[PDB]
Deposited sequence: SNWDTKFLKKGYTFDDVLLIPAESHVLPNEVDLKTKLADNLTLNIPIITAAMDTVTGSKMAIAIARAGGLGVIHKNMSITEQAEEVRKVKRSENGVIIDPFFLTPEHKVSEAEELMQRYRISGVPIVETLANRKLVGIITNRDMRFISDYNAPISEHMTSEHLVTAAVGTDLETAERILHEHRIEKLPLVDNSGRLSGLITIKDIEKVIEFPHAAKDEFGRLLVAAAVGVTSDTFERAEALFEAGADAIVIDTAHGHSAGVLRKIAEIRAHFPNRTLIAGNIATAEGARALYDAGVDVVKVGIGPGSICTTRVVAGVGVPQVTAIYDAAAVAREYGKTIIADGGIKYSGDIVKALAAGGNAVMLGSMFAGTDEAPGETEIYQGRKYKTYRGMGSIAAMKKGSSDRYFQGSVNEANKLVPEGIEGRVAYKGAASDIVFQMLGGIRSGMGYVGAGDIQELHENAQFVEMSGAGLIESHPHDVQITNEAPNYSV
């Protein structure tokens, strides 16, 4: 009976501690920000965007991946809508490197314009038979503008020129070379039998230049994760997401230490033995252990620290985030697995503390909530523009009247491009890691130490006794 151990212990939150400076042999610009979450999941920056309908849609998942992070597409939409959202992220870069779009000569140019405008593409590979996939040509914009009547076989108006192709598996470096020698923009990839396997474009090559640290899969396509809950349509949902290309699924739950959740997760794992599973939230060592034991690959920590979260107020449950991460990370290392610090982070400095306490990555909602990419609804008050930001446990989100919320509905100032937000936080992360001499996150877990501060020390830590009219892009 814990009646005699009713008051267990004290917990620390980001504002109770500071990282202590230490000898350092690594400059901020040379710290390694990569983090491997699972065999299949390694990110170039320890940053992940929350699965919230006001933060992560395909645009955000695309922007955070290009920056080297991971986006988790929210499940507050139909399985079909969420899967298509996921496909959009996979189709972004090297979109058709595999599983290309294509039509037959039989089809009508109209159908070609249908998919050229639906998936927004300059050309459509044309194969003899949808089943044979033997490349016979390709229809392009130039072709569509020359064409008068679209109600005709895409054949009559074609490109039966001397097809220039490359073997399956040619990389971007060699394709760029081939595209340059032939003054072309699209390079179809076919096997030794002329069967179409995919297509490489000049843009793909350019995007590699534009976003050098993008987190991508084996095919050079941006990584993406998607969330699902523990309901009757979970499998259906999970299989639709994986089939759309998801590199991992996130079983998002309010209480991950629930028998039911553990039951469903084991069933999900039993069905997807190879896939990467990230699971719901816990804030204790046993909760992390229960989830790992259930087959999860990555455990997300966080009960109540959310900016828009009212769990601690309405249910009276939770644990200060720095302590929760730490207690859970003790198990993550026992199992040689990973953890995501989820919530309560408001400053770049908080990210370094969350990582130093044992996190392998942090999930951010509030910090991205008002960007160009975030799906939130724009509002104007006092002339300034805002972006709605609501907890998934709020009334509006839990919608299709109030029905016992664990979160609130709010809004945050317009922040502009997410790439800028990310750039500001990485600088703080690199500086933080430079101060404690951590060349990589591993050293951070092993060497970084905290000094506890009081409310006054927190005051000293923030700028004080000075009137600020123009704030820093990394401080309020």
| property | result |
| --- | --- |
| Deposited residues without C-alpha coordinates, grouped into stretches that follow sequence order | 401-414, 491 |
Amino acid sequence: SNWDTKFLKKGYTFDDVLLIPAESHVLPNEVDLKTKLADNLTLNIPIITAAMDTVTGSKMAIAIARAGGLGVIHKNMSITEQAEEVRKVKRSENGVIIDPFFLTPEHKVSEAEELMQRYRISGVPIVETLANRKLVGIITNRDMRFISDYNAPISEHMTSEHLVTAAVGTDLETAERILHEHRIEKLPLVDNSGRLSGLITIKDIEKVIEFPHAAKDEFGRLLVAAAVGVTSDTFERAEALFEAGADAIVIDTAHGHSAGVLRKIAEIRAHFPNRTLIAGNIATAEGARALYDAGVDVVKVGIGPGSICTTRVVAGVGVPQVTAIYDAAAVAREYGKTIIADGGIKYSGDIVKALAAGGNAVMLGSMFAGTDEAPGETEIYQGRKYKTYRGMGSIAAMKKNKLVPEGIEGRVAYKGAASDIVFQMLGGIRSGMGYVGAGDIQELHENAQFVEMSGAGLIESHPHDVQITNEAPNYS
From here on, numbers count along this sequence of modelled residues.
query	finding
424-432 versus 34-42 - which carries the larger mean C-alpha B factor in the record	34-42
Selected stretch [higher average CA B-factor]: 317-325 or 139-147	139-147
Per the PDB entry, maximal CA B factor within 130, 283, 356, 166	130
Out of 189, 154, 352, 361, residue topping the C-alpha B-factor column of the entry	154
Ranked against its chain, the third holding the CA B-factor of residue 122	highest
Relative C-alpha B-factor of residue 15, binned into the chain's lowest, middle or highest third	lowest
CA B-factor placement of residue 87, once the chain's modelled residues are sorted into thirds	middle
Chain-relative CA temperature factor third for residue 392	highest
Residue 312, C-alpha B-factor rank within chain (lowest, middle or highest third)	lowest
